[PDB]
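Q: Sharing protein.pdb, PDB, C-alpha atoms:
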```pdb
ATOM      1  CA  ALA O   1      89.449  91.770  90.731  1.00  0.00           C
ATOM      2  CA  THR O   2      91.684  89.874  93.190  1.00  0.00           C
ATOM      3  CA  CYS O   3      89.912  90.135  96.627  1.00  0.00           C
ATOM      4  CA  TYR O   4      90.581  89.043 100.208  1.00  0.00           C
ATOM      5  CA  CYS O   5      88.486  89.099 103.410  1.00  0.00           C
ATOM      6  CA  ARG O   6      90.740  90.717 106.026  1.00  0.00           C
ATOM      7  CA  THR O   7      90.685  91.040 109.787  1.00  0.00           C
ATOM      8  CA  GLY O   8      92.963  94.082 109.704  1.00  0.00           C
ATOM      9  CA  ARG O   9      93.022  96.967 107.269  1.00  0.00           C
ATOM     10  CA  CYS O  10      93.301  96.531 103.531  1.00  0.00           C
ATOM     11  CA  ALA O  11      96.750  96.652 101.953  1.00  0.00           C
ATOM     12  CA  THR O  12      97.755 100.115 100.725  1.00  0.00           C
ATOM     13  CA  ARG O  13      97.454  98.831  97.128  1.00  0.00           C
ATOM     14  CA  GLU O  14      93.957  97.393  97.788  1.00  0.00           C
ATOM     15  CA  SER O  15      90.599  99.224  97.893  1.00  0.00           C
ATOM     16  CA  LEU O  16      87.902  98.579 100.500  1.00  0.00           C
ATOM     17  CA  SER O  17      85.177  97.017  98.342  1.00  0.00           C
ATOM     18  CA  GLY O  18      82.568  95.704 100.806  1.00  0.00           C
ATOM     19  CA  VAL O  19      82.416  93.356 103.794  1.00  0.00           C
ATOM     20  CA  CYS O  20      82.582  89.571 104.149  1.00  0.00           C
ATOM     21  CA  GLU O  21      80.174  87.899 106.740  1.00  0.00           C
ATOM     22  CA  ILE O  22      82.218  85.082 108.326  1.00  0.00           C
ATOM     23  CA  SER O  23      80.712  83.173 111.314  1.00  0.00           C
ATOM     24  CA  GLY O  24      78.767  86.076 112.676  1.00  0.00           C
ATOM     25  CA  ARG O  25      81.354  88.803 112.193  1.00  0.00           C
ATOM     26  CA  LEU O  26      82.151  91.269 109.430  1.00  0.00           C
ATOM     27  CA  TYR O  27      85.554  91.473 107.755  1.00  0.00           C
ATOM     28  CA  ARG O  28      86.763  93.997 105.248  1.00  0.00           C
ATOM     29  CA  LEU O  29      86.568  92.931 101.599  1.00  0.00           C
ATOM     30  CA  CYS O  30      89.805  94.249 100.108  1.00  0.00           C
ATOM     31  CA  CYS O  31      90.388  94.197  96.309  1.00  0.00           C
ATOM     32  CA  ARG O  32      93.070  95.262  93.864  1.00  0.00           C
TER      33      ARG O  32
END
```
Could you quickly redo this structure as structure tokens?

A:
Amino acid sequence: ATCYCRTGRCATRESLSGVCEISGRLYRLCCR
């Protein structure tokens, strides 16, 4: 798809699809 690692929630049009592991912290993987 088209995915982004986000600090906040996914966009309403995106689906939570996993997590990213960036410098010791997890971020939401958000995809449309």

Q: Once 3 Å is added on each side, what are the centre and the three edge lengths, in Å to one decimal, of the axis-aligned box enclosing the listed atoms of segment 2-6 of chain O? Present them as lines of an AutoDock Vina configuration file.

A:
```
center_x = 90.1
center_y = 89.9
center_z = 99.6
size_x = 9.2
size_y = 7.7
size_z = 18.8
```

Q: Which residues, written as a PyMOL selection string, have at least one atom at most 10 Å from residue 1 of chain O, with only C-alpha atoms counted and residues fewer than 3 positions away on the same chain left out?

A: chain O and resi 4+30-32

Q: So what do you get for atom CA of residue 24 of chain O versus atom CA of residue 12 of chain O, distance-wise?

A: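 Pair atom CA of residue 24 of chain O / atom CA of residue 12 of chain O returns 26.5 Å.
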
Q: For atom CA of residue 15 of chain O and atom CA of residue 29 of chain O, determine how far apart the two atoms are, in Å to one decimal place.

A: 8.3 Å

Q: Work out how far apart atom CA of residue 25 of chain O and atom CA of residue 3 of chain O are and give it in Å to one decimal.

A: 17.8 Å

Q: Near residue 20 of chain O, within 8 Å and counting only C-alpha atoms, which residues show up once chain neighbours fewer than 3 positions away are dropped, as a ChimeraX atom specification?

A: /O:5,26-29
